[PDB]
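*Asks:* One structure coming up, written as structure tokens, with questions to follow.
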Amino acid sequence: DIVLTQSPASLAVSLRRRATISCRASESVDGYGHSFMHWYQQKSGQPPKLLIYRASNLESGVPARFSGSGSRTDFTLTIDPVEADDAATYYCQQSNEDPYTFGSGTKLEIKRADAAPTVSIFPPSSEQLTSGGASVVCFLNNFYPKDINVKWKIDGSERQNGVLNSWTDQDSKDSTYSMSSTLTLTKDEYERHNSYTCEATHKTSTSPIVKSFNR
Amino acid sequence: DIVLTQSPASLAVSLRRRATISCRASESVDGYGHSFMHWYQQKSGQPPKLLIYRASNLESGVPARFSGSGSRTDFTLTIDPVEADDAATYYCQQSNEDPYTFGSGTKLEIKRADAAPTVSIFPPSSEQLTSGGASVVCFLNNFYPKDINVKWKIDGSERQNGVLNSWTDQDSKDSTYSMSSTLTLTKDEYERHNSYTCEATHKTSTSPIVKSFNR
Amino acid sequence: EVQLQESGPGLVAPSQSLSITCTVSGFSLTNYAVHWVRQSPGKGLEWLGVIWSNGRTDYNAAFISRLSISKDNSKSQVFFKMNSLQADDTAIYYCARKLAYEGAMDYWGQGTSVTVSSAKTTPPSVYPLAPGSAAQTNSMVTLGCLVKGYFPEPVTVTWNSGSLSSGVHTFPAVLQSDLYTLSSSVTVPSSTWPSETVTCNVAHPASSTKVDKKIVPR
Amino acid sequence: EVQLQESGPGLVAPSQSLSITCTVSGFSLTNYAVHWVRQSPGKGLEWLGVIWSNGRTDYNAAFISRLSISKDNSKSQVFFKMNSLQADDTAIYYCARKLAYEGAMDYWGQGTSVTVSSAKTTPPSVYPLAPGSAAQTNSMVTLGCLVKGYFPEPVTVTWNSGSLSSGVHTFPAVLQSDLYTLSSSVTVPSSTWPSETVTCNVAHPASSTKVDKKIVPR
Amino acid sequence: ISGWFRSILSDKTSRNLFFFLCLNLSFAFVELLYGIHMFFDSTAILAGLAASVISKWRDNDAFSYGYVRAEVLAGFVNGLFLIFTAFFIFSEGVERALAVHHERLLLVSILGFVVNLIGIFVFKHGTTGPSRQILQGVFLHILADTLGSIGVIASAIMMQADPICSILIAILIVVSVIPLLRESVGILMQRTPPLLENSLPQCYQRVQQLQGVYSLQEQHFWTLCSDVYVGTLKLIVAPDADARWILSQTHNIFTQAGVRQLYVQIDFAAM
Amino acid sequence: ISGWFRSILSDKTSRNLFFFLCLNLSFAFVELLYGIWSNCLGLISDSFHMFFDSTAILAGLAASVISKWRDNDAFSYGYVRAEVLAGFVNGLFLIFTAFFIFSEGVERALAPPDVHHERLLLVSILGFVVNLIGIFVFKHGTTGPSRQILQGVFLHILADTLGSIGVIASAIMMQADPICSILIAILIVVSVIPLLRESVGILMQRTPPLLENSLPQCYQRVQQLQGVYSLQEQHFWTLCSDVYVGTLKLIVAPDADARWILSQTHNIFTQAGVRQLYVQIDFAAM
Ligand SMILES: [Zn+2]
Ligand SMILES: [Zn+2]
């Protein structure tokens, strides 16, 4: 086996900048002037896409902003300039020795000015009241950066037992983030309380954004 | 030089039937188990598109209805079933000896139910009237088959000196034909004379279609 | 138009066998090799094996005892069989065409999620997600539907059969009580809703569920 | 996204030189070959030459004395130069990428028509052509604009800047008195015209003419 | 044992070499019966027959090419044998000059010369195809044997010099066997075949003219047996060259030149 | 001419062979000066014997000088096979030397040649001393074409010692020498046989004995490469001493990595010691 270590594990780069991903091989993957190291790009939720084959050759049909270089054990994948579409996980794969081994992927993060989340709260719906449970979810859309926490206030009380958080990866259009916080409740404790609020701590504003309903 | 002869020069095949195009080479284009004969497709107003390379291998991205067979001098391009999009010119190319040579293309005509032309005659315009000349166009659209004739009647008088005709290729959508007849006259030649009628004689109707203007 | 489609069972109970069929289009299996690659969060990408044009097959050294790949040129299908599943093999399996004359894989297929667990398939229960009060309306209004109670992954949520593909944010699912919760949000102009009906089509291939449900304001 | 674009003069008078520059994108000239093929109506398709990655070039035995092909890897352009243009050199010249490891060409570029004559460039005279009488109107009404008096080929006629591309019939041109006439016809709904404006933009790259004309009913 | 005669009967060259071995073996018994160089001559055509026997054996793992070099080795050893025979005949002529029984007046030498005449009438000639070298060797051997026969009746002519006649025959047969040893040394040293050498620059310029071939190097051609030429070649080609077509054209080009076994290695250049 | 002495000073074995050649040339002159007298009977005999010895060592020296020459169009591989040819020819020399000493012992047993005053007896001591100084000097145990030159002349000098002590045994007996001649001929032929067998193996295009054991493993390893369908027309043979030339043909997949397969095959057969290797790769049709 030839192990492949990529540095850094995650890279943050702004728009129209230069991003460098390095792949390190335990053993040389070079033979007779050719290096059998290949670069793959895997975006959000699709299978990986081939960018570089044999460490220096661009795959036909990919943009020229991608570049490959290196030999022996050191290889470098370069994106210059970096667009918003290039927010993906990049893998290096060697084909010099059986079995084929990939490297631990490196995530590219498109740095951009901070954006305020669009906080919205939606009450539980009637037929899931008939189902016997309650679920109140607050949606945070199009914000930067990813470091945001959600505080749940129920009649001025704090609960963390049923808080459920989901995190989306960076979008390819405007390089933003979306976050969904779900609070699962039973019938009796949903009916006992009346006010439910979701709050957002975000860097661009020390004042939190609160969306509430009184049912 | 290897001269490639294609038989037939033109082939007529209906929808969903089988089309066979044969290419014959003066000397063999076969070497060590491989035949270096390639098949191209050229639709009208388009560069040739590669379908088969090495006489049996389908190009990545072509439909499975295209097939290739043969060895040495003889080769066969087979389309099954035939699409309306498959109305184009097919060339056989050899890469066995320098220089590369192509075969005289075989035009695939699509057989389909006969359609009557939509005869329309547009009188000469005012700006070209100021230009000092006169030109009347006679449009026949969506007719099958290709054999059609335009008869120019000017107060019942027949002329053939200034009759100008042009045919389009067979359409890739509805497999029809279009025909434009142009008659060029001087200022006086148009001004003394009143009625201009185009007469379209086509097989599906023994009575030709009459459209006229009087100006 | 090179196409690679895979059809396999989403749920396979441990210590039985998994069978995936890779149907290819746009190229022939008589002159192309198809590699098998699986991806799991725990092991990143792993290479399973390759089947060549003449039927020669090369497998991974660790998986040689419990892997079998077959092929048939006539119907252009590659059969993937792996025996004795454990919880480790929970991964997104891909069939990929081999880049000709090179050691890479140029064209992949939409990976099929294979989950190894002893639980039972559960059809989803989809609930719409509407604003509590028709107050503080702006030019842009958020909307969604919540899908709760399904197993296993994945579930495809589509808004108006793909007519409204802008502003969609399908959040990743999470695990709780051996059960998956999914949240989806779509943003729509306030003039459009509720003037125009908005529905989410929730697809669960494991349970064959195609429930379609409309957003009713309160 | 493999793209090949040829740029060359439409007219070359007899017995001077023709210079065509092929600009490639989507692949690198450092590891791909570019062939040159011309299609003369009479001589059908003809293979002119090839330029390889290291700069080695192979020409046709007929044109070896008067042909020269160059390449620059940095700006990704291939330069096609040929001396001694006669009338039989009038053809559509293509630059094509060589299929890797095969003797065929997979991706072709849109060929540039080269006309060898002593005639001079004439800008087109576009005349909008309208029905004589607004009588016997049907569901479909034919429309067109007539292009007269231009030299040389080609001329691009497009309806509403490509917004309406259904029912178009751009008829091939003909030669009379060392000049060309081109006719275009299109069908439009009778409710659309003259309710909605219909214009044809006529492009003559040789004369750099971009005249746009409105259809006026009588 | 038994199969060796069947192989001898199968080949026509091995057919003469068996009975010709029988005549001197009978001639040895007659000479021994009288007695109460030549056994060396029995060894030489024994190697000639053994080479013709060994030559058509099948290939194995140890002998990848077969046993077709035994014929070249037999021609080489026959040339060396005749060189040493000439030198020892020179020595024997020296002893004859320095130092008579005349049983049968050595008239048996005349019938011996008749036997050599029969041989020269019979052995007159002018993967597979493995027979050209043994015939030349036996022909120049029997020519040397006739010259040795002329030596003795030249001595008989003079006594009514034989050292001078020994000088003449030794020099003449050495001159005769020089071309055979030259060809055998050329083959055994992996020299480019003389018949193929003139056609090789043309073949190099033809392979260089192939579309997409950059460089041509490490060209080694050599002779196996007599008419079988083995060639090895390395080509640098374009990164996207048609390797199937280049291989087929190279094989055709070097097959037309007379190479039966050819190995073309194709390397793809980096730009 | 002059460059030959510049070549003769380049190599240790070459200068040793030149010294030996000059020594037997001086021996030839003095022995001739002895044989111009009436004692020439055995003097001319061992004179043409040592003359052969001189031809043998001259062939060895010529091969040693030639083997360093550069390649040309005629000799593609260089002149490295001159070493093997010299070994083969020296073995043949010793075989016919055994036959000649057999004849010498026979005629010594049959005819009494004793018209002499034992001049050769003291000369035989000089020949034995020459053989001893040679056996002390010549004790040993693309490029690199020198393993076989030493063994041939060393075997020849070992014979020369046996031919020298044959006459000593004859002098011991007279106070039988055909028995000693039989013994020495058989012994030197037994010593010669390995050299002749190795030279015949090299000159018949036989798979190298140090390579034959590793070749099944190499074939198995090349077969295990990805996309290799079959492996055929395998030929390996010895050029000079340590240089093995290999030719190989591979049938691979229609889309197999020919670059990687070529590099891996070269690595596999280079690890086994094959310096020169030609891998023809054929892309199978489906
Ligand atoms: Zn003889
Ligand atoms: Zn000696």
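Residue numbering restarts at 1 in every chain; chains get A, B, ... in the order shown in the structure tokens, and ligands count up from 1 in that same order.
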Around ligand 2, out to 8 Å and counting only C-alpha atoms and all ligand atoms, which residues are there? I want them as a list in words.
*Replies:* residues 49, 50, 52, 53, 54, 56, 94, 97, 156, 157, 159 and 160 of chain F
*Asks:* Once you have the residues from the selection above, write them out as a PDB file, in the first residue's frame, restricted to N, CA, C and O atoms.
*Replies:*
```pdb
ATOM      1  N   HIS F  49      54.851 -27.205 -30.163  1.00  0.00           N
ATOM      2  CA  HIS F  49      53.900 -27.266 -29.020  1.00  0.00           C
ATOM      3  C   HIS F  49      53.766 -25.864 -28.415  1.00  0.00           C
ATOM      4  O   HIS F  49      52.627 -25.382 -28.245  1.00  0.00           O
ATOM      5  N   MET F  50      54.899 -25.249 -28.068  1.00  0.00           N
ATOM      6  CA  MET F  50      54.851 -23.917 -27.407  1.00  0.00           C
ATOM      7  C   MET F  50      54.387 -22.885 -28.436  1.00  0.00           C
ATOM      8  O   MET F  50      53.744 -21.899 -28.039  1.00  0.00           O
ATOM      9  N   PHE F  52      52.065 -23.334 -30.476  1.00  0.00           N
ATOM     10  CA  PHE F  52      50.599 -23.356 -30.260  1.00  0.00           C
ATOM     11  C   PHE F  52      50.300 -22.564 -28.989  1.00  0.00           C
ATOM     12  O   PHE F  52      49.441 -21.669 -29.018  1.00  0.00           O
ATOM     13  N   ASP F  53      51.015 -22.876 -27.908  1.00  0.00           N
ATOM     14  CA  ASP F  53      50.793 -22.107 -26.682  1.00  0.00           C
ATOM     15  C   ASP F  53      50.798 -20.602 -26.954  1.00  0.00           C
ATOM     16  O   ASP F  53      49.949 -19.862 -26.432  1.00  0.00           O
ATOM     17  N   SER F  54      51.754 -20.135 -27.763  1.00  0.00           N
ATOM     18  CA  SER F  54      51.854 -18.716 -28.082  1.00  0.00           C
ATOM     19  C   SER F  54      50.647 -18.244 -28.877  1.00  0.00           C
ATOM     20  O   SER F  54      50.160 -17.131 -28.669  1.00  0.00           O
ATOM     21  N   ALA F  56      47.656 -19.535 -28.635  1.00  0.00           N
ATOM     22  CA  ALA F  56      46.560 -19.476 -27.670  1.00  0.00           C
ATOM     23  C   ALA F  56      46.593 -18.178 -26.869  1.00  0.00           C
ATOM     24  O   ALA F  56      45.577 -17.474 -26.751  1.00  0.00           O
ATOM     25  N   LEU F  94      42.993 -26.590 -25.799  1.00  0.00           N
ATOM     26  CA  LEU F  94      43.407 -27.554 -24.785  1.00  0.00           C
ATOM     27  C   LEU F  94      42.931 -28.966 -25.107  1.00  0.00           C
ATOM     28  O   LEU F  94      43.621 -29.936 -24.775  1.00  0.00           O
ATOM     29  N   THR F  97      45.340 -30.110 -27.556  1.00  0.00           N
ATOM     30  CA  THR F  97      46.595 -30.294 -26.834  1.00  0.00           C
ATOM     31  C   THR F  97      46.615 -31.636 -26.113  1.00  0.00           C
ATOM     32  O   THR F  97      47.642 -32.323 -26.096  1.00  0.00           O
ATOM     33  N   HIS F 156      44.946 -23.265 -19.541  1.00  0.00           N
ATOM     34  CA  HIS F 156      46.038 -23.609 -20.445  1.00  0.00           C
ATOM     35  C   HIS F 156      47.349 -23.748 -19.684  1.00  0.00           C
ATOM     36  O   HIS F 156      48.159 -24.631 -19.986  1.00  0.00           O
ATOM     37  N   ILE F 157      47.576 -22.864 -18.712  1.00  0.00           N
ATOM     38  CA  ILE F 157      48.884 -22.923 -18.000  1.00  0.00           C
ATOM     39  C   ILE F 157      48.848 -24.136 -17.064  1.00  0.00           C
ATOM     40  O   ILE F 157      49.902 -24.770 -16.883  1.00  0.00           O
ATOM     41  N   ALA F 159      47.476 -26.921 -17.775  1.00  0.00           N
ATOM     42  CA  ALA F 159      47.862 -28.024 -18.677  1.00  0.00           C
ATOM     43  C   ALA F 159      49.378 -27.981 -18.854  1.00  0.00           C
ATOM     44  O   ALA F 159      50.034 -29.013 -18.650  1.00  0.00           O
ATOM     45  N   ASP F 160      49.905 -26.814 -19.209  1.00  0.00           N
ATOM     46  CA  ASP F 160      51.340 -26.704 -19.448  1.00  0.00           C
ATOM     47  C   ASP F 160      52.155 -27.266 -18.283  1.00  0.00           C
ATOM     48  O   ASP F 160      53.188 -27.907 -18.498  1.00  0.00           O
TER      49      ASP F 160
END
```
*Asks:* Extract the full set of strand (DSSP E) residues from stretch 62-184 of chain D according to DSSP on the backbone, and format it as a PyMOL selection string.
*Replies:* chain D and resi 67-72+77-82+91-98+105-108+112-114+125-129+140-150+156-159+169-170+174-176+179-184
*Asks:* List the spatial neighbours of residue D:94 as a compact mmCIF listing (two decimals) with C-alpha atoms, in the first residue's frame - criterion: any atom at most 8 Å away, only C-alpha atoms, same-chain residues fewer than 3 positions off excluded.
*Replies:*
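Now in result.txt:
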```
# COMPACT_ATOMS: atom_id res chain seq x y z
CA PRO B 47 -18.06 20.20 -39.31
CA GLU D 6 -10.30 29.26 -36.81
CA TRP D 36 -5.74 20.48 -40.87
CA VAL D 37 -8.53 19.38 -43.21
CA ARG D 38 -10.24 21.40 -45.95
CA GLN D 39 -13.54 20.58 -47.68
CA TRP D 108 -13.53 19.68 -35.22
CA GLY D 109 -13.80 23.46 -35.34
CA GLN D 110 -16.30 25.48 -37.34
CA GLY D 111 -14.52 25.84 -40.66
CA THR D 112 -13.74 29.18 -42.25
```
*Asks:* Please write out the residues within 12 Å of ligand 1 as a PyMOL selection string, counting only C-alpha atoms and all ligand atoms.
*Replies:* chain E and resi 24+37-46+78-86+88-89+112-113+116+119+137-149+170+173
*Asks:* At a cut-off of 7 Å, which residues of chain D touch chain A? Count only C-alpha atoms and give the answer as a PDB file with C-alpha atoms, in the first residue's frame.
*Replies:*
```pdb
ATOM      1  CA  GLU D   1     -15.605  22.192 -23.409  1.00  0.00           C
ATOM      2  CA  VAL D   2     -13.015  21.297 -26.071  1.00  0.00           C
ATOM      3  CA  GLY D  26     -10.208  22.651 -23.363  1.00  0.00           C
ATOM      4  CA  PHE D  27      -6.999  20.758 -24.175  1.00  0.00           C
TER       5      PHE D  27
END
```
*Asks:* Pick from D:11, D:99, D:134, D:64: nearest to residue B:50, with only C-alpha atoms counted?
*Replies:*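 Checking each of D:11, D:99, D:134, D:64 against residue B:50, counting only C-alpha atoms, the winner is D:99.
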*Asks:* So that I can see what lies close to stretch 71-76 of chain A, please list as a PyMOL selection string the residues with an atom at most 12 Å from it, counting only C-alpha atoms and leaving out residues fewer than 2 positions away in the same chain.
*Replies:* chain A and resi 2-8+19-39+52+54-56+66-69+78-79+90-94+96+103
*Asks:* Which residues are close to stretch 114-116 of chain A, i.e. within 9 Å by only C-alpha atoms, leaving aside same-chain residues fewer than 3 positions away? Reply as a list in words.
*Replies:* residues 119, 141, 142, 143, 144, 145, 176, 202, 203, 204 and 205 of chain A
*Asks:* Output as a tab-separated table one row per residue of chain F within 6 Å of chain E: the closest atom pair and its distance in Å to one decimal place, counting only C-alpha atoms, sorted by chain and residue number ascending.
*Replies:*
```
residue	atom	partner	partner_atom	distance
F:74	CA	E:192	CA	5.1
F:75	CA	E:191	CA	4.5
F:76	CA	E:220	CA	5.6
F:81	CA	E:189	CA	5.2
F:204	CA	E:69	CA	5.0
F:206	CA	E:63	CA	4.6
F:207	CA	E:62	CA	5.1
F:235	CA	E:64	CA	5.6
F:278	CA	E:265	CA	5.8
F:279	CA	E:265	CA	5.4
F:280	CA	E:265	CA	4.8
```
*Asks:* Quick one: pull the distance between atom CA of residue C:115 and atom CA of residue C:181, Å, one decimal.
*Replies:*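 Computed distance, atom CA of residue C:115 to atom CA of residue C:181, equals 15.9 Å.
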*Asks:* With the cut-off set at 12 Å and counting only C-alpha atoms, tabulate each residue of chain D with an atom at most that distance from an atom of chain C, showing the nearest atom pair and its distance in Å to one decimal, ordered by chain and increasing number, as JSON lines.
*Replies:*
```
{"residue": "D:99", "atom": "CA", "partner": "C:100", "partner_atom": "CA", "distance": 11.7}
{"residue": "D:100", "atom": "CA", "partner": "C:100", "partner_atom": "CA", "distance": 9.3}
{"residue": "D:101", "atom": "CA", "partner": "C:101", "partner_atom": "CA", "distance": 8.7}
{"residue": "D:102", "atom": "CA", "partner": "C:101", "partner_atom": "CA", "distance": 11.6}
```
*Asks:* Put those residues in a file: N, CA, C and O atoms, as a PDB file, in the first residue's frame.
*Replies:*
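Below is the file that was written, out21.pdb:
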```pdb
ATOM      1  N   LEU D  99      -7.731  12.496 -32.309  1.00  0.00           N
ATOM      2  CA  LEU D  99      -8.153  11.551 -31.286  1.00  0.00           C
ATOM      3  C   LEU D  99      -6.929  10.869 -30.695  1.00  0.00           C
ATOM      4  O   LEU D  99      -6.049  10.408 -31.427  1.00  0.00           O
ATOM      5  N   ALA D 100      -6.863  10.829 -29.368  1.00  0.00           N
ATOM      6  CA  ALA D 100      -5.683  10.302 -28.699  1.00  0.00           C
ATOM      7  C   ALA D 100      -5.502   8.827 -29.020  1.00  0.00           C
ATOM      8  O   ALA D 100      -6.439   8.032 -28.896  1.00  0.00           O
ATOM      9  N   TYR D 101      -4.294   8.474 -29.461  1.00  0.00           N
ATOM     10  CA  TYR D 101      -3.854   7.111 -29.744  1.00  0.00           C
ATOM     11  C   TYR D 101      -4.601   6.469 -30.905  1.00  0.00           C
ATOM     12  O   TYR D 101      -4.499   5.253 -31.098  1.00  0.00           O
ATOM     13  N   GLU D 102      -5.355   7.246 -31.680  1.00  0.00           N
ATOM     14  CA  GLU D 102      -6.020   6.765 -32.881  1.00  0.00           C
ATOM     15  C   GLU D 102      -5.757   7.741 -34.018  1.00  0.00           C
ATOM     16  O   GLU D 102      -5.382   8.895 -33.803  1.00  0.00           O
TER      17      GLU D 102
END
```
*Asks:* Sorted by chain and rising residue number, which residues of chain F lie within 12 Å of chain D, and what are their closest atom pairs and distances in Å to one decimal, counting only C-alpha atoms, as a tab-separated table?
*Replies:*
```
residue	atom	partner	partner_atom	distance
F:254	CA	D:101	CA	11.1
F:255	CA	D:101	CA	10.0
F:256	CA	D:101	CA	11.9
F:257	CA	D:101	CA	11.8
F:258	CA	D:101	CA	11.2
F:283	CA	D:101	CA	11.2
```
*Asks:* For chain E, list the residues within 10 Å of chain D, counting only C-alpha atoms, and write the list as a ChimeraX atom specification.
*Replies:* /E:209-214,237-245,269-271
*Asks:* Find the residues near residue C:16: any atom within 12 Å, counting only C-alpha atoms, skip ones fewer than 5 places away on the same chain, and give them as a list in words.
*Replies:*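 Close residues of residue C:16: residues 11, 66, 81, 82, 83, 84, 85, 86, 87, 89, 116, 117 and 118 of chain C.
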*Asks:* Based on the backbone DSSP call, show me all residues of stretch 22-212 of chain C assigned helix (DSSP H, G or I), as a list in words.
*Replies:* residues 64, 65, 66, 87, 88, 89, 160, 161 and 162 of chain C
*Asks:* Would you write out those residues with N, CA, C and O atoms, as a CSV table (one decimal), in the first residue's frame?
*Replies:*
```
chain,number,residue,atom,x,y,z
C,64,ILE,N,-10.3,-9.5,-1.4
C,64,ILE,CA,-10.2,-10.5,-2.4
C,64,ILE,C,-11.1,-11.7,-2.0
C,64,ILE,O,-11.7,-12.3,-2.9
C,65,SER,N,-11.2,-12.0,-0.7
C,65,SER,CA,-11.9,-13.2,-0.3
C,65,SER,C,-13.5,-13.1,-0.4
C,65,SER,O,-14.2,-14.1,-0.6
C,66,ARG,N,-14.0,-11.8,-0.3
C,66,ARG,CA,-15.4,-11.6,-0.3
C,66,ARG,C,-15.9,-10.7,-1.4
C,66,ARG,O,-16.9,-10.0,-1.2
C,87,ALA,N,-21.0,-3.6,9.4
C,87,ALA,CA,-21.3,-2.2,9.5
C,87,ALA,C,-20.3,-1.3,8.9
C,87,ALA,O,-20.5,-0.1,8.6
C,88,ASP,N,-19.1,-1.9,8.7
C,88,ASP,CA,-18.0,-1.1,8.1
C,88,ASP,C,-18.3,-0.8,6.6
C,88,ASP,O,-18.1,0.4,6.2
C,89,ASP,N,-18.9,-1.7,5.9
C,89,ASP,CA,-19.2,-1.5,4.4
C,89,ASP,C,-20.3,-0.5,4.1
C,89,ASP,O,-20.7,-0.4,3.0
C,160,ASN,N,-42.0,21.4,-6.7
C,160,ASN,CA,-42.7,21.6,-7.9
C,160,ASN,C,-42.1,20.8,-9.1
C,160,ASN,O,-42.1,21.3,-10.2
C,161,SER,N,-41.6,19.6,-8.8
C,161,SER,CA,-41.1,18.7,-9.9
C,161,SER,C,-39.9,19.4,-10.6
C,161,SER,O,-39.7,19.2,-11.8
C,162,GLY,N,-39.1,20.2,-9.9
C,162,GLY,CA,-38.0,20.9,-10.4
C,162,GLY,C,-38.3,22.2,-11.1
C,162,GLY,O,-37.3,22.8,-11.7
```
*Asks:* F:231, F:185, F:274, F:285: which is nearest residue F:104, counting only C-alpha atoms?
*Replies:*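 Among the listed residues, F:185 lies closest to residue F:104.
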*Asks:* Could you please determine the separation between atom CA of residue F:45 and atom CA of residue E:90 in Å, to one decimal place?
*Replies:* 12.2 Å
*Asks:* Fewer than 5 positions away in the same chain doesn't count, so skip those; otherwise give me all residues within 8 Å of stretch 144-150 of chain D, counting only C-alpha atoms, as an mmCIF file with N, CA and C atoms, in the first residue's frame.
*Replies:*
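Dumped everything to out35.cif:
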```cif
data_model
loop_
_atom_site.group_PDB
_atom_site.id
_atom_site.type_symbol
_atom_site.label_atom_id
_atom_site.label_comp_id
_atom_site.auth_asym_id
_atom_site.auth_seq_id
_atom_site.Cartn_x
_atom_site.Cartn_y
_atom_site.Cartn_z
ATOM 1 N N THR D 121 -14.692 42.843 -52.000
ATOM 2 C CA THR D 121 -15.725 42.683 -50.984
ATOM 3 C C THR D 121 -16.879 43.646 -51.236
ATOM 4 N N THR D 122 -18.102 43.127 -51.161
ATOM 5 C CA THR D 122 -19.310 43.926 -51.344
ATOM 6 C C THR D 122 -20.192 43.752 -50.116
ATOM 7 N N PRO D 123 -20.549 44.828 -49.416
ATOM 8 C CA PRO D 123 -21.456 44.688 -48.283
ATOM 9 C C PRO D 123 -22.832 44.264 -48.751
ATOM 10 N N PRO D 124 -23.552 43.490 -47.942
ATOM 11 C CA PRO D 124 -24.862 42.991 -48.373
ATOM 12 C C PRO D 124 -25.902 44.097 -48.441
ATOM 13 N N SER D 125 -26.898 43.881 -49.296
ATOM 14 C CA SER D 125 -28.062 44.757 -49.410
ATOM 15 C C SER D 125 -29.272 43.944 -48.966
ATOM 16 N N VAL D 126 -29.694 44.143 -47.721
ATOM 17 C CA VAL D 126 -30.771 43.369 -47.117
ATOM 18 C C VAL D 126 -32.083 44.103 -47.343
ATOM 19 N N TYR D 127 -33.070 43.392 -47.883
ATOM 20 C CA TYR D 127 -34.386 43.962 -48.151
ATOM 21 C C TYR D 127 -35.433 43.131 -47.425
ATOM 22 N N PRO D 128 -36.197 43.717 -46.507
ATOM 23 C CA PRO D 128 -37.260 42.962 -45.842
ATOM 24 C C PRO D 128 -38.380 42.640 -46.816
ATOM 25 N N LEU D 129 -38.882 41.412 -46.731
ATOM 26 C CA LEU D 129 -39.831 40.898 -47.710
ATOM 27 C C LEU D 129 -41.120 40.540 -46.980
ATOM 28 N N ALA D 130 -42.228 41.145 -47.395
ATOM 29 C CA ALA D 130 -43.488 41.053 -46.676
ATOM 30 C C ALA D 130 -44.600 40.603 -47.610
ATOM 31 N N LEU D 179 -21.486 37.498 -58.038
ATOM 32 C CA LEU D 179 -22.168 38.028 -56.866
ATOM 33 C C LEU D 179 -23.050 36.932 -56.283
ATOM 34 N N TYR D 180 -23.516 37.148 -55.054
ATOM 35 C CA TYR D 180 -24.299 36.151 -54.333
ATOM 36 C C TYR D 180 -25.643 36.720 -53.900
ATOM 37 N N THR D 181 -26.672 35.871 -53.942
ATOM 38 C CA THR D 181 -27.982 36.164 -53.372
ATOM 39 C C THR D 181 -28.322 35.089 -52.354
ATOM 40 N N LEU D 182 -28.801 35.505 -51.185
ATOM 41 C CA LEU D 182 -29.252 34.576 -50.159
ATOM 42 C C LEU D 182 -30.671 34.939 -49.751
ATOM 43 N N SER D 183 -31.510 33.920 -49.587
ATOM 44 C CA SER D 183 -32.903 34.101 -49.211
ATOM 45 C C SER D 183 -33.184 33.342 -47.924
ATOM 46 N N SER D 184 -33.926 33.976 -47.021
ATOM 47 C CA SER D 184 -34.319 33.369 -45.759
ATOM 48 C C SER D 184 -35.826 33.482 -45.593
ATOM 49 N N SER D 185 -36.444 32.411 -45.100
ATOM 50 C CA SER D 185 -37.879 32.377 -44.856
ATOM 51 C C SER D 185 -38.143 31.830 -43.462
ATOM 52 N N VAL D 186 -39.193 32.338 -42.821
ATOM 53 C CA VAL D 186 -39.569 31.913 -41.478
ATOM 54 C C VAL D 186 -41.083 32.022 -41.351
ATOM 55 N N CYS D 200 -34.377 40.618 -38.612
ATOM 56 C CA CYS D 200 -33.265 39.737 -38.958
ATOM 57 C C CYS D 200 -31.969 40.532 -38.917
ATOM 58 N N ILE D 215 -39.330 44.218 -40.344
ATOM 59 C CA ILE D 215 -40.366 43.826 -41.291
ATOM 60 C C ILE D 215 -41.522 44.807 -41.117
#
```
*Asks:* Atom CA of residue C:174 to atom CA of residue C:113: how many Å, to one decimal?
*Replies:*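 Here the two named atoms are 15.0 Å from each other.
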